[PDB]
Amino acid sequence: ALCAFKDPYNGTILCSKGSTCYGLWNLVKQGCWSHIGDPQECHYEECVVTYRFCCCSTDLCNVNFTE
């Protein structure tokens, strides 16, 4: 997937085919999420916070979050 990218240490990053996207919020960090084996961990097209962290599966899904 293509994910939004932010690392405080064009603002996107190409992640491997099996990866998801994450965001951490002010925005702190965004990039590739690599966990596998838990389909409930990351949502699909929405980055949903259930700090404010979420991971999601579709291109640029990590640009914003919902609660």
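Note that residue numbering follows the sequence shown and begins at 1.
Visitor: By the record's CA B-factor, is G37 among the lowest, middle or highest third of residues in the chain?
Guide: Highest third.
Visitor: Would you check the entry's CA temperature factor for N64 and let me know if it's in the chain's lowest, middle or highest third?
Guide: Middle third of the chain for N64's C-alpha B-factor.
Visitor: Would you mind ranking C54 by its C-alpha B-factor against the rest of the chain and naming the third, lowest, middle or highest?
Guide: Lowest third, going by the recorded CA B-factors of the chain.
Visitor: According to the PDB entry, is the CA B factor of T20 in the bottom, middle or top third of its chain, that is, lowest, middle or highest?
Guide: Ranked within chain, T20 CA B lands in the lowest tercile.
Visitor: Pull the Cα B-factor of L2 out of the PDB entry and bin it into the chain's lowest, middle or highest third.
Guide: Tercile = middle for this residue's CA B-factor.
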